file upload.cif (mmCIF, N, CA and C atoms)
data_entry
#
loop_
_atom_site.label_atom_id
_atom_site.label_comp_id
_atom_site.auth_asym_id
_atom_site.auth_seq_id
_atom_site.Cartn_x
_atom_site.Cartn_y
_atom_site.Cartn_z
N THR A 1 278.90 -18.56 -22.26
CA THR A 1 279.60 -18.76 -21.00
C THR A 1 278.86 -19.78 -20.14
N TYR A 2 279.63 -20.57 -19.38
CA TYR A 2 279.07 -21.34 -18.28
C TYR A 2 280.09 -21.38 -17.14
N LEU A 3 279.58 -21.44 -15.91
CA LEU A 3 280.38 -21.40 -14.70
C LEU A 3 280.01 -22.61 -13.86
N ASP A 4 280.89 -23.03 -12.96
CA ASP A 4 280.63 -24.28 -12.23
C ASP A 4 280.48 -24.14 -10.72
N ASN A 5 281.42 -23.53 -10.02
CA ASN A 5 281.46 -23.62 -8.56
C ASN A 5 281.01 -22.32 -7.91
N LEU A 6 280.03 -22.42 -7.01
CA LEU A 6 279.44 -21.23 -6.41
C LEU A 6 279.45 -21.36 -4.90
N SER A 7 279.51 -20.22 -4.20
CA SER A 7 279.62 -20.23 -2.74
C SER A 7 279.04 -18.96 -2.13
N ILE A 8 278.40 -19.10 -0.96
CA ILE A 8 278.04 -17.97 -0.11
C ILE A 8 278.51 -18.27 1.31
N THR A 9 279.15 -17.28 1.93
CA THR A 9 279.82 -17.46 3.21
C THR A 9 279.54 -16.22 4.06
N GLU A 10 279.67 -16.36 5.38
CA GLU A 10 279.52 -15.27 6.34
C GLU A 10 280.88 -14.87 6.90
N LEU A 11 281.08 -13.56 7.07
CA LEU A 11 282.39 -13.04 7.46
C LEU A 11 282.37 -12.25 8.76
N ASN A 12 281.51 -11.24 8.89
CA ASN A 12 281.61 -10.31 10.01
C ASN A 12 280.23 -10.08 10.60
N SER A 13 280.20 -9.31 11.68
CA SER A 13 278.96 -8.87 12.31
C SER A 13 278.85 -7.37 12.09
N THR A 14 277.79 -6.95 11.40
CA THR A 14 277.68 -5.52 11.16
C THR A 14 277.14 -4.81 12.41
N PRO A 15 277.64 -3.62 12.71
CA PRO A 15 277.12 -2.86 13.84
C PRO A 15 275.71 -2.36 13.57
N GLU A 16 274.80 -2.75 14.45
CA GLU A 16 273.40 -2.37 14.28
C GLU A 16 273.00 -1.45 15.43
N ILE A 17 272.12 -0.50 15.14
CA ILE A 17 272.01 0.72 15.91
C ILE A 17 270.96 0.59 17.01
N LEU A 18 271.39 0.74 18.26
CA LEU A 18 270.51 0.75 19.42
C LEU A 18 270.76 2.03 20.22
N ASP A 19 270.13 3.12 19.78
CA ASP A 19 270.14 4.37 20.54
C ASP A 19 268.70 4.88 20.59
N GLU A 20 267.93 4.37 21.53
CA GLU A 20 266.56 4.84 21.68
C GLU A 20 266.11 4.71 23.13
N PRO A 21 266.44 5.68 23.99
CA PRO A 21 265.92 5.69 25.37
C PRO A 21 264.63 6.50 25.54
N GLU A 22 263.60 6.15 24.75
CA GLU A 22 262.32 6.86 24.68
C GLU A 22 262.53 8.35 24.40
N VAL A 23 263.00 8.61 23.18
CA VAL A 23 263.66 9.86 22.81
C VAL A 23 262.78 11.11 22.93
N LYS A 24 261.47 10.96 23.06
CA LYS A 24 260.55 12.09 22.99
C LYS A 24 260.07 12.47 24.39
N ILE A 25 260.13 13.77 24.69
CA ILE A 25 259.48 14.35 25.85
C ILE A 25 258.55 15.45 25.35
N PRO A 26 257.23 15.32 25.51
CA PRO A 26 256.30 16.25 24.86
C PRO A 26 256.23 17.64 25.49
N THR A 27 257.12 18.53 25.06
CA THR A 27 257.11 19.90 25.56
C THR A 27 255.91 20.69 25.02
N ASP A 28 255.85 20.87 23.69
CA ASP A 28 254.78 21.58 22.97
C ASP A 28 254.67 23.04 23.42
N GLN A 29 255.63 23.85 22.95
CA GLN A 29 255.83 25.20 23.45
C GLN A 29 254.70 26.20 23.11
N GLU A 30 253.59 25.81 22.49
CA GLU A 30 252.45 26.72 22.43
C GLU A 30 251.79 26.91 23.78
N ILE A 31 251.56 25.83 24.53
CA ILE A 31 250.82 25.92 25.78
C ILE A 31 251.64 26.47 26.93
N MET A 32 252.91 26.83 26.69
CA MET A 32 253.68 27.53 27.70
C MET A 32 253.09 28.89 27.99
N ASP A 33 252.46 29.51 26.99
CA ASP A 33 251.77 30.78 27.15
C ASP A 33 250.32 30.58 27.56
N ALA A 34 249.93 29.35 27.91
CA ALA A 34 248.57 29.06 28.35
C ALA A 34 248.48 29.00 29.88
N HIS A 35 248.86 30.09 30.53
CA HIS A 35 248.63 30.19 31.97
C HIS A 35 247.61 31.27 32.30
N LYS A 36 247.89 32.53 31.95
CA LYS A 36 246.91 33.61 31.82
C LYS A 36 246.14 33.98 33.08
N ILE A 37 246.47 33.37 34.22
CA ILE A 37 245.83 33.65 35.50
C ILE A 37 246.93 33.97 36.49
N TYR A 38 246.82 35.11 37.15
CA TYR A 38 247.91 35.59 38.00
C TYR A 38 247.30 36.36 39.16
N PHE A 39 248.10 36.54 40.21
CA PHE A 39 247.62 37.16 41.43
C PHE A 39 248.67 38.15 41.90
N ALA A 40 248.24 39.35 42.25
CA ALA A 40 249.17 40.38 42.68
C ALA A 40 249.23 40.45 44.20
N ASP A 41 250.39 40.86 44.72
CA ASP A 41 250.64 40.92 46.15
C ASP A 41 251.35 42.24 46.43
N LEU A 42 250.68 43.12 47.17
CA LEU A 42 251.10 44.50 47.35
C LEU A 42 251.53 44.74 48.80
N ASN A 43 251.80 46.01 49.10
CA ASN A 43 251.89 46.52 50.47
C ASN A 43 251.52 48.00 50.44
N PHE A 44 250.55 48.38 51.26
CA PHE A 44 250.05 49.74 51.23
C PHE A 44 251.04 50.69 51.90
N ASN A 45 251.19 51.87 51.32
CA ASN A 45 252.03 52.91 51.90
C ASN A 45 251.13 54.06 52.32
N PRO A 46 251.10 54.43 53.59
CA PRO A 46 250.29 55.58 54.01
C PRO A 46 250.86 56.89 53.49
N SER A 47 250.02 57.92 53.56
CA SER A 47 250.23 59.25 53.00
C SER A 47 250.55 59.23 51.52
N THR A 48 250.10 58.22 50.78
CA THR A 48 250.30 58.09 49.35
C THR A 48 249.02 57.56 48.72
N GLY A 49 248.97 57.66 47.40
CA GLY A 49 247.98 57.00 46.58
C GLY A 49 248.55 55.86 45.77
N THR B 1 262.13 140.86 57.39
CA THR B 1 262.64 140.12 58.53
C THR B 1 261.80 140.30 59.79
N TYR B 2 260.72 141.08 59.74
CA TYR B 2 259.85 141.32 60.88
C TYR B 2 258.55 140.56 60.66
N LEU B 3 258.42 139.41 61.33
CA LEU B 3 257.16 138.68 61.42
C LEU B 3 256.84 138.58 62.91
N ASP B 4 255.76 139.23 63.33
CA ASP B 4 255.56 139.40 64.76
C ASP B 4 254.82 138.23 65.39
N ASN B 5 254.40 137.23 64.61
CA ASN B 5 253.69 136.06 65.15
C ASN B 5 254.06 134.81 64.37
N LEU B 6 254.54 133.80 65.09
CA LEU B 6 254.97 132.52 64.52
C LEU B 6 255.06 131.54 65.68
N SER B 7 254.80 130.25 65.44
CA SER B 7 254.86 129.27 66.52
C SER B 7 254.97 127.85 65.98
N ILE B 8 255.24 126.93 66.91
CA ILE B 8 255.10 125.49 66.69
C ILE B 8 254.19 124.93 67.78
N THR B 9 253.46 123.87 67.46
CA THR B 9 252.69 123.10 68.42
C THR B 9 253.04 121.62 68.27
N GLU B 10 252.44 120.81 69.15
CA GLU B 10 252.91 119.44 69.34
C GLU B 10 252.12 118.44 68.49
N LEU B 11 250.80 118.64 68.37
CA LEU B 11 249.87 117.83 67.57
C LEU B 11 249.94 116.34 67.94
N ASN B 12 249.87 116.10 69.25
CA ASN B 12 249.97 114.73 69.76
C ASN B 12 248.66 113.96 69.63
N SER B 13 247.55 114.64 69.38
CA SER B 13 246.27 113.97 69.19
C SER B 13 246.28 113.29 67.82
N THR B 14 246.60 111.99 67.80
CA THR B 14 246.79 111.32 66.52
C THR B 14 245.47 110.81 65.97
N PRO B 15 245.11 111.20 64.75
CA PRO B 15 243.83 110.77 64.19
C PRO B 15 243.89 109.41 63.50
N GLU B 16 244.36 108.38 64.22
CA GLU B 16 244.27 107.02 63.71
C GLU B 16 242.85 106.48 63.81
N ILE B 17 242.00 107.12 64.61
CA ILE B 17 240.56 106.93 64.51
C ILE B 17 240.14 107.34 63.11
N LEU B 18 239.70 106.37 62.32
CA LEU B 18 239.67 106.54 60.88
C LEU B 18 238.27 106.33 60.31
N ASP B 19 238.18 106.24 58.98
CA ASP B 19 236.94 105.94 58.27
C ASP B 19 236.67 104.44 58.32
N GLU B 20 235.75 103.94 57.50
CA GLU B 20 235.55 102.50 57.51
C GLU B 20 236.50 101.86 56.49
N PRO B 21 237.44 101.00 56.92
CA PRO B 21 238.34 100.32 55.98
C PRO B 21 237.79 98.97 55.54
N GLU B 22 236.54 98.97 55.08
CA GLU B 22 235.90 97.72 54.67
C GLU B 22 235.06 98.01 53.44
N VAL B 23 235.56 97.61 52.28
CA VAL B 23 234.84 97.75 51.02
C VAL B 23 233.76 96.68 50.95
N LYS B 24 232.83 96.82 50.00
CA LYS B 24 231.67 95.94 49.93
C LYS B 24 232.08 94.53 49.51
N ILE B 25 231.81 93.56 50.37
CA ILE B 25 232.44 92.24 50.35
C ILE B 25 231.92 91.44 49.15
N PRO B 26 232.77 90.69 48.45
CA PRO B 26 232.30 89.92 47.30
C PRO B 26 231.81 88.53 47.68
N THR B 27 231.03 87.95 46.77
CA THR B 27 230.50 86.61 46.97
C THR B 27 231.23 85.56 46.15
N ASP B 28 231.88 85.97 45.05
CA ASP B 28 232.66 85.10 44.16
C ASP B 28 231.80 83.97 43.61
N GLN B 29 230.82 84.35 42.79
CA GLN B 29 229.88 83.39 42.24
C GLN B 29 230.29 82.83 40.89
N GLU B 30 231.24 83.46 40.20
CA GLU B 30 231.46 83.13 38.80
C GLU B 30 232.25 81.84 38.64
N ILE B 31 233.50 81.80 39.10
CA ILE B 31 234.29 80.57 39.04
C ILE B 31 234.78 80.32 40.46
N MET B 32 234.00 79.57 41.22
CA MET B 32 234.47 78.98 42.46
C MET B 32 235.01 77.58 42.23
N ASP B 33 235.35 77.25 40.99
CA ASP B 33 236.13 76.07 40.66
C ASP B 33 237.63 76.33 40.78
N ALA B 34 238.01 77.34 41.55
CA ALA B 34 239.39 77.76 41.69
C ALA B 34 240.23 76.79 42.51
N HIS B 35 239.64 75.78 43.14
CA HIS B 35 240.40 74.80 43.91
C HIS B 35 240.12 73.41 43.36
N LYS B 36 240.81 73.05 42.29
CA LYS B 36 240.71 71.71 41.73
C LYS B 36 241.81 70.80 42.26
N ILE B 37 242.61 71.27 43.21
CA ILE B 37 243.61 70.45 43.88
C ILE B 37 242.95 69.82 45.10
N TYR B 38 243.17 68.52 45.29
CA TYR B 38 242.43 67.78 46.30
C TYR B 38 243.24 66.56 46.71
N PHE B 39 242.80 65.89 47.77
CA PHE B 39 243.47 64.68 48.24
C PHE B 39 242.41 63.69 48.68
N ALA B 40 242.59 62.43 48.29
CA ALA B 40 241.63 61.38 48.61
C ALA B 40 242.11 60.58 49.81
N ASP B 41 241.20 60.30 50.73
CA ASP B 41 241.47 59.50 51.92
C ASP B 41 240.89 58.12 51.71
N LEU B 42 241.76 57.11 51.73
CA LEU B 42 241.36 55.75 51.41
C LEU B 42 241.98 54.79 52.41
N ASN B 43 241.59 53.53 52.30
CA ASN B 43 242.23 52.44 53.03
C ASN B 43 242.42 51.25 52.10
N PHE B 44 243.32 50.36 52.50
CA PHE B 44 243.67 49.18 51.72
C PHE B 44 243.23 47.92 52.46
N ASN B 45 242.71 46.96 51.71
CA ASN B 45 242.28 45.69 52.28
C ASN B 45 243.26 44.60 51.87
N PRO B 46 243.85 43.86 52.82
CA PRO B 46 244.67 42.71 52.44
C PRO B 46 243.82 41.58 51.91
N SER B 47 244.50 40.62 51.28
CA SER B 47 244.00 39.38 50.69
C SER B 47 243.10 39.60 49.48
N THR B 48 242.81 40.84 49.10
CA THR B 48 242.10 41.16 47.88
C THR B 48 242.82 42.31 47.20
N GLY B 49 242.34 42.68 46.02
CA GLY B 49 242.86 43.86 45.36
C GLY B 49 242.03 45.08 45.68
#

call {"tool": "encode", "arguments": {"input": "upload.cif", "output": "C-alpha cells"}}
result
Amino acid sequence: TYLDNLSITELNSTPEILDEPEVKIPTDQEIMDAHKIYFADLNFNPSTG
Amino acid sequence: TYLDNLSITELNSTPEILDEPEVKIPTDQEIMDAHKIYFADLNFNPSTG
C-alpha cells in the first residue's frame, strides 16, 4: 500500500474545567474535642445543700 | 336482816401525796450514736466554686 494526501485540521473548542474556588477549608474534626476547659456558674439556694 | 351497825363516810382526804415517782436515772453509755441525723451550716462564695 501507499497513500498520498494527508491533512490535520482544527474543528471545535473542547470545554475545559475551571471549578476551583480554593476548595479546602481545614476543619480537622479531631481537635473539636480539644477544648477540655470549662467553667461552672451556679446560684446558691438557702435552707438547702 | 338485823345488822345493828352500818355506815358510810366521805373520805375526802385524798392521798395523792404519794411515794417517790422517780426511778434510778440512766446515763445511756452504750450507744449514744442514736442521732446520726444532722444538718450542715455553710455559705457560698461567688466567682469561685

call {"tool": "atom_distance", "arguments": {"input": "upload.cif", "atom1": "CA of residue 33 (chain A)", "atom2": "CA of residue 48 (chain B)"}}
result
25.1 Å

call {"tool": "calpha_fit_rmsd", "arguments": {"input": "upload.cif", "fixed": "chain A", "moving": "chain B"}}
result
10.3 Å

call {"tool": "resolve_selection", "arguments": {"input": "upload.cif", "expression": "the PyMOL selection byres ((chain A and name CA) within 9 of (chain B and name CA))", "output": "PyMOL selection string"}}
result
chain A and resi 40-44+46-47+49

call {"tool": "decode", "arguments": {"input": "upload.cif", "residues": "chain B", "atoms": "C-alpha atoms", "output": "PDB file, in the first residue's frame"}}
result
ATOM      1  CA  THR B   1     -81.974  -8.884 158.289  1.00  0.00           C
ATOM      2  CA  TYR B   2     -80.826  -7.418 161.646  1.00  0.00           C
ATOM      3  CA  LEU B   3     -77.466  -5.641 161.396  1.00  0.00           C
ATOM      4  CA  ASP B   4     -77.368  -3.087 164.162  1.00  0.00           C
ATOM      5  CA  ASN B   5     -74.332  -1.097 162.897  1.00  0.00           C
ATOM      6  CA  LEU B   6     -73.567   0.100 159.348  1.00  0.00           C
ATOM      7  CA  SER B   7     -72.482   3.437 157.849  1.00  0.00           C
ATOM      8  CA  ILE B   8     -70.952   5.445 155.028  1.00  0.00           C
ATOM      9  CA  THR B   9     -68.270   8.138 155.289  1.00  0.00           C
ATOM     10  CA  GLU B  10     -66.981  10.734 152.868  1.00  0.00           C
ATOM     11  CA  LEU B  11     -63.191  10.002 152.608  1.00  0.00           C
ATOM     12  CA  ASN B  12     -62.408  13.431 151.191  1.00  0.00           C
ATOM     13  CA  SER B  13     -58.790  13.322 152.399  1.00  0.00           C
ATOM     14  CA  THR B  14     -57.263  12.306 149.082  1.00  0.00           C
ATOM     15  CA  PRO B  15     -53.881  10.558 149.325  1.00  0.00           C
ATOM     16  CA  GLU B  16     -52.360  11.982 146.138  1.00  0.00           C
ATOM     17  CA  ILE B  17     -49.420  12.736 148.420  1.00  0.00           C
ATOM     18  CA  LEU B  18     -47.503   9.771 147.121  1.00  0.00           C
ATOM     19  CA  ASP B  19     -44.230   7.808 147.088  1.00  0.00           C
ATOM     20  CA  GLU B  20     -41.237   8.841 145.005  1.00  0.00           C
ATOM     21  CA  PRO B  21     -42.139   8.569 141.269  1.00  0.00           C
ATOM     22  CA  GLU B  22     -38.513   8.719 140.156  1.00  0.00           C
ATOM     23  CA  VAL B  23     -36.652   5.533 139.246  1.00  0.00           C
ATOM     24  CA  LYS B  24     -32.841   5.490 139.190  1.00  0.00           C
ATOM     25  CA  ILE B  25     -31.863   7.670 136.233  1.00  0.00           C
ATOM     26  CA  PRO B  26     -29.831   6.157 133.354  1.00  0.00           C
ATOM     27  CA  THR B  27     -26.676   7.509 131.775  1.00  0.00           C
ATOM     28  CA  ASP B  28     -27.023   5.798 128.340  1.00  0.00           C
ATOM     29  CA  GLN B  29     -23.356   4.977 127.805  1.00  0.00           C
ATOM     30  CA  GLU B  30     -23.641   2.103 125.343  1.00  0.00           C
ATOM     31  CA  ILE B  31     -24.875   3.562 122.037  1.00  0.00           C
ATOM     32  CA  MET B  32     -25.204   7.317 122.176  1.00  0.00           C
ATOM     33  CA  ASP B  33     -24.744   7.179 118.402  1.00  0.00           C
ATOM     34  CA  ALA B  34     -28.553   7.233 118.296  1.00  0.00           C
ATOM     35  CA  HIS B  35     -28.612  10.613 116.495  1.00  0.00           C
ATOM     36  CA  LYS B  36     -26.829  10.240 113.168  1.00  0.00           C
ATOM     37  CA  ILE B  37     -29.253  12.719 111.557  1.00  0.00           C
ATOM     38  CA  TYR B  38     -27.658  16.148 111.234  1.00  0.00           C
ATOM     39  CA  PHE B  39     -27.590  19.349 109.204  1.00  0.00           C
ATOM     40  CA  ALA B  40     -24.595  21.309 107.931  1.00  0.00           C
ATOM     41  CA  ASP B  41     -24.468  25.114 108.007  1.00  0.00           C
ATOM     42  CA  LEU B  42     -22.478  26.512 105.107  1.00  0.00           C
ATOM     43  CA  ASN B  43     -22.080  29.548 102.883  1.00  0.00           C
ATOM     44  CA  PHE B  44     -21.406  30.015  99.174  1.00  0.00           C
ATOM     45  CA  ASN B  45     -18.750  32.219  97.597  1.00  0.00           C
ATOM     46  CA  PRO B  46     -19.403  33.818  94.189  1.00  0.00           C
ATOM     47  CA  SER B  47     -16.791  33.937  91.394  1.00  0.00           C
ATOM     48  CA  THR B  48     -15.276  30.621  92.572  1.00  0.00           C
ATOM     49  CA  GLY B  49     -16.506  27.098  93.097  1.00  0.00           C
TER      50      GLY B  49
END
